[PDB]
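**Q** Supplied in structure tokens, the structure appears directly below.
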Amino acid sequence: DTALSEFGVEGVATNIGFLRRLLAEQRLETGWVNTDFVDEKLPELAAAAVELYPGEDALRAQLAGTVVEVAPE
Amino acid sequence: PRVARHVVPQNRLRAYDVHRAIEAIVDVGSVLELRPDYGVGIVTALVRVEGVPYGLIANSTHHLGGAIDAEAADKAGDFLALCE
Amino acid sequence: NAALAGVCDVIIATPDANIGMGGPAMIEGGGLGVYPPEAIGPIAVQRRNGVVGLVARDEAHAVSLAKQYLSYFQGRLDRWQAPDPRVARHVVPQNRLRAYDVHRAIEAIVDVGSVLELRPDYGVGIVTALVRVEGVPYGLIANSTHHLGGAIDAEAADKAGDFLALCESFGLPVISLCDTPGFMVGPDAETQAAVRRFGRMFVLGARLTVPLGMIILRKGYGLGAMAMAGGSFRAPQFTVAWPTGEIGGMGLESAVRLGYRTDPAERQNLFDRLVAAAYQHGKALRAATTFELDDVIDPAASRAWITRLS
Amino acid sequence: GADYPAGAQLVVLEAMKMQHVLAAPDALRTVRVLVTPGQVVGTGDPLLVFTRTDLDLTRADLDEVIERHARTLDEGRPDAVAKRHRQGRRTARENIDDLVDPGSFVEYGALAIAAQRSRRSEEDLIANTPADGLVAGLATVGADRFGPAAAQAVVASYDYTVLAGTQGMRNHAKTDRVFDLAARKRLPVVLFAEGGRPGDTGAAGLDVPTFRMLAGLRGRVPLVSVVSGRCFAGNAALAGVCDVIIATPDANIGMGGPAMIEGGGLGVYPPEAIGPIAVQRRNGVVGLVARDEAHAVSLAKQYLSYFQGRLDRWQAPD
Amino acid sequence: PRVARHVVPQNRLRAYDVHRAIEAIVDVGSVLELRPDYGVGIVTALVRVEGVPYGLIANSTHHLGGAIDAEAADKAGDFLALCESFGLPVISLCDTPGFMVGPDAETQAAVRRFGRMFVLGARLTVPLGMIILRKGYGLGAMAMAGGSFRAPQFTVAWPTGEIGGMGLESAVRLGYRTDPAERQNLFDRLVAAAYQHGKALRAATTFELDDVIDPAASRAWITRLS
């Protein structure tokens, strides 16, 4: 997944999103899926698809998460 | 006015924020910078000095030391065509 | 020396040419190191970004082109030779799918050897060239199918707008050979600021005060087709089309793709039939019937129409 | 840009230490050359472009068109051309090609058909509504005596054979198109008005620019109106917004058509009792009275001549 | 303002005095009607709306039902040449079925005369606002506006307005042709009926009019003319 995310492609549409969505599936955490899996999950998976001027600093996220409250500008 | 005097650093190497410069000249709150995240090399803004409207362009040190690149040149060319 | 050269209308350069705003001494004075002059403005780099307008074989040729370029802004020619009217009739293949060379259509219309195409390796979707019909100087723009099927992209838009301003500035009537499905779309086309760049093509067409005649060679759809006319099929002095033409808000295959949505293997087939079928109810003769075109002409008459423009 | 036969040397590269010589794959003509002596190339890099080294073979396309066009002309309509000559009058195209200089006409909207698919079908509209009733376009008049530039002119005629030469959606759009040009190029207009439509009892065409456009050309360019037959309603309006009206004795011009005089409750009158060449000859509505159609076109050509230039050959009286 | 609302009679047949209409719009006492006993078909007057000078033309019902005849056409043509010449913005109150038709009308050189009204409106380069009081049909109604309903800066209408290529009755008299004694009956049945699908509101639906206003709004619109 990390590999697929760090893959930058611009200009041509790809299926990096689909594959990415596909690795996230759970049945697949068992080590394998069968010949029909990717077909019965296609529609489900198909759907699921800054500079600073001197004197300024940027407050970054310490770790991943969902923003609940932010200060005003 | 006396504030405009400290805007530019005496050490010719220490970069500075253009906005501090602009704000030290045009009257308070009259600045309206257009396309700030585009051709960032140069600032194009509509301002006011004693209530009169002016167009303003300015080289920003935060980019290439002030160097005018192909994109910041285009942007400034556009703004000059607007003012004219 | 370059600054002066790039403030001009055209730059005629020879293969051994190297143009750059900064001399190796400047690239060095700026701390970017040291480079040899042959690696600054290669006739290959400048041939593409639209910096060099005409590429000459040698010095005598460059001077030849310079003499020719001026000629369009200097006056009419007395001796002129018309092409074989018949050739025009066979430029566009009768099969809407088979592509063809735009240079052929241009050369089948404007009189013999009067074509001088500018910045050809730049914004290749649209051809911008100074030409002549019966001795008179005209500016000419044309869609080339060899690029995106004729779709107008952000950069062809730029090159076209530039030319429309040139023509307007020195007053050359314009000849527009249209063959486009419209502007090139897509989330990627949008990242190249297509909204702002196509807008400028409309603005400069709106500013044309010179006569502009439009001939639809094959395709002429949506805004892109309009932009090619000045912003409307009403702006041109005459908006005529060859028999191979087809007009509409959106290209046929585009209407089909949207009006018919199942085939696992080859949809391509049901498509080609649903498209060649819809093509009959979208010809040029039909749009001619509702006056959406001033006429559907015999390609040998193109000149006769382009004449009443001057 | 040089022609070379098959085998002819085209480029020379220096591989290891020896020299590889690239030649013409066959009879070709150089076009573009993207390579300069001295540069280092890689495998497969393009060095130059080229073109390897009947006209009467008719094609369907051009034919369907020739036909569709030819079905608009006089020849393709013996039926209607007979009824006209029967009545002792010329057809729209006969008058036009008489006025206009030999093949200088550039017709606009020839393949236009009426705008009513609800009272008819596309089939008969295409054969019974040629040019929607109006043959209009660019031309030259007196180009032999004056320049082909000064003799330029917009020319239009209503075809009585098509719906009594009445005005309709499509031909309105054609008059606008053509009156726009007269202005764009400051060209004189010669209008063969005559006539006076199914779905007219709706969308009121009160926003039609036609009348305002011609009226607005008044002092700008010479406006000539030729009238034979019946000229009522909008057709008359246009005719009376002009500089001169050349009419033939059989002419009847009136702002209101018998249908309008009737719709207003004033009863029913026959068209020969509306704008008699005698009434309009007096109140200054008709400026020139022609003996016949060929004479009216003759006078129209002469009238324009004064606004077109000087004459070289002239004979002084005694 | 609320007074302007009662000026035009709801019964599309009951004539009314134009002066009441004009006076309900322009400011009090600003009216100066010129040549009132001449070309009585149309009223040409110099007026004021919020102190600003305007030229005003208006069809009078008391004449031929509003019909524009050869003489009232001449008079209006003159006034439009006056306004244009002295840069006065025009106000056009329309209530005409069209140009007076008939064989007799054609004798008074109406083709040349109605044409002069068309040419003189085609030359107006001053703002012209138009308000259809009741009837606005045919080329006559177009002339009243410069030559096209698009020509005016605004072509608006009062609730009592009716638009069309030809008047309601003209349409009925043609598309329906039997009554021995009294036809006047069945006639005003087809008329009052057809009216519903030719009124102002319907026209406004297809944007053939810029709007159908509350007559108290007349000023607010005219005001935008200067």
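Counting neighbours? That spans all protein chains shown, and the Cβs are built from the backbone with ideal geometry, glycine included. Laboratory data are not the source of any read-out in this text; all were calculated from the coordinates shown.
**Q** For the range A:1-42, what mean projected area does the convex hull of the alpha carbons give, in nm²?
**A** On the way: hull surface 13.9 nm².
Here the figure is 3.5 nm², rounded to one decimal.
**Q** Reachable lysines from E:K135, Cα under 19 Å, same-chain residues fewer than 8 places away excluded?
**A** Within reach: E:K199.
**Q** Now for a different question. Name the residue farthest towards the positive end of the dipole of the range C:35-88 from the options C:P83, C:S64, C:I43, assuming +1 on Cβ of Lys and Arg, -1 on Cβ of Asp and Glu, about the Cα centre.
**A** Positive-end residue among those listed: C:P83.
**Q** About the Cα centre, and with charges only on the beta carbon of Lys, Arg (+1) and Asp, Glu (-1), how big is the dipole of chain C? Nearest 20 debye, please.
**A** On the way: 29 positive and 31 negative charges, 163 e Å.
With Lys and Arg at +1 and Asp and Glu at -1, about 780 debye.
**Q** Considering the dipole of chain C built from charges on the beta carbon (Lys and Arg +1, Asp and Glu -1) around the Cα centre, which of C:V112, C:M26, C:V52 is farthest to its positive end?
**A** Result: C:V112, furthest along the dipole toward the positive end.
**Q** Alpha carbon centre of the range E:49-104 versus the range C:20-91: separation in Å?
**A** Each part's Cα centre sits 64 Å from the other's.
**Q** Just from its helices, what would the mean residue ellipticity at 222 nm be for chain C, if runs of 4 or more DSSP H residues each count -39500 (n - 2.57) and the sum is divided by every residue, rounded to the nearest 500 deg cm²/dmol? Can you show the working numbers first?
**A** On the way: 15 runs with 120 residues, N = 310.
Per the formula, -10500 deg cm²/dmol.
**Q** Mind jotting down the distance between the C-alpha centroids of the range D:78-115 and the range D:204-282, whole Å?
**A** Distance between centres, Cα-based: 21 Å.
**Q** Under a straight-distance cross-link criterion of Cα-Cα below 12 Å, which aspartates and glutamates are reachable from C:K219, leaving out those fewer than 8 residues away in the same chain?
**A** C:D179, C:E246, C:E253
**Q** For chain A, evaluate the Debye formula with one uniform point scatterer on each Cα (no solvent term) and list log10 I(q)/I(0) at q = 0.13, 0.14 Å⁻¹, rounded to two decimals.
**A** Cα-only, vacuum Debye calculation for chain A: -0.67, -0.74.
**Q** Counting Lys and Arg as +1 and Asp and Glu as -1, each charge on the Cβ, what is the dipole of the range C:24-105 about the Cα centre in debye, to the nearest 20?
**A** On the way: 11 positive and 7 negative charges, 147 e Å.
So the magnitude is around 700 debye.
**Q** Something else about it: Out of the trypsin sites (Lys or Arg not before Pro) in the range E:1-75, which ones are loop residues according to DSSP with at most 11 other C-beta atoms within 10 Å? Walk me through the numbers on the way to the answer.
**A** Numbers: sites: E:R2, E:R5, E:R12, E:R14, E:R20, E:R48, E:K75; in loops: E:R12, E:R14.
Answer by residue number: E:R14.
**Q** Considering the dipole of the protein assembly as shown built from charges on the beta carbon (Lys and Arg +1, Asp and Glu -1) around the Cα centre, which of C:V133, C:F271, C:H103 is farthest to its positive end?
**A** Sorting the options by dipole projection puts first C:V133.
**Q** For the protein assembly as shown, what mean projected area does the convex hull of the alpha carbons give, in nm²? Write out the running numbers ahead of the final one.
**A** On the way: hull surface 250.9 nm².
For the Cα atoms of the protein assembly as shown, the hull's average projected area reads 62.7 nm².
**Q** When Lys and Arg each count +1 and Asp and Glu each count -1, what net charge do the other residues less than 14 Å away from D:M169, Cβ to Cβ, add up to? Walk me through the intermediate numbers first.
**A** On the way: positive: D:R117, D:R119, D:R120, D:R170, D:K174, D:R177, D:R197; negative: C:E292, D:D132, D:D176, D:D200, D:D207.
With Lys, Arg at +1 and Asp, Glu at -1, the net is +2.
**Q** From the square roots a ≥ b ≥ c of the eigenvalues of the alpha-carbon gyration tensor of chain D, which class results: rounded (a/c under 1.5), prolate (a/b over b/c), or oblate?
**A** On the way: a/c = 3.10, a/b = 2.26, b/c = 1.37.
Judged from the Cα gyration tensor, chain D comes out prolate (a/c at least 1.5, a/b above b/c).
**Q** Another question, if that's okay. Given the DSSP H assignment, sum -39500 (n - 2.57) over each helix run of at least 4 residues in chain D and divide by its residue total; what's the result at 222 nm in deg cm²/dmol, nearest 500?
**A** Details: 10 runs with 89 residues, N = 318.
-8000 deg cm²/dmol, from helical runs alone.
**Q** Related question: Rounding to the nearest 20 debye, state how big the charge dipole of the range D:80-170 is about its Cα centre with +1 on each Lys and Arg Cβ and -1 on each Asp and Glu Cβ.
**A** On the way: 11 positive and 11 negative charges, 84 e Å.
The dipole of the range D:80-170 has a size of about 400 debye.
**Q** State the Cα centre-to-centre distance between the range A:18-73 and the range D:1-59 in whole Å.
**A** Computed from Cα coordinates, the inter-centre distance equals 52 Å.
**Q** Rounded, prolate or oblate for chain C? Axes are the square roots of the Cα gyration tensor eigenvalues, ordered a ≥ b ≥ c, and the cut-off for rounded is a/c under 1.5. Let's see the in-between values first.
**A** Details: a/c = 2.12, a/b = 1.39, b/c = 1.52.
The shape class here is oblate.
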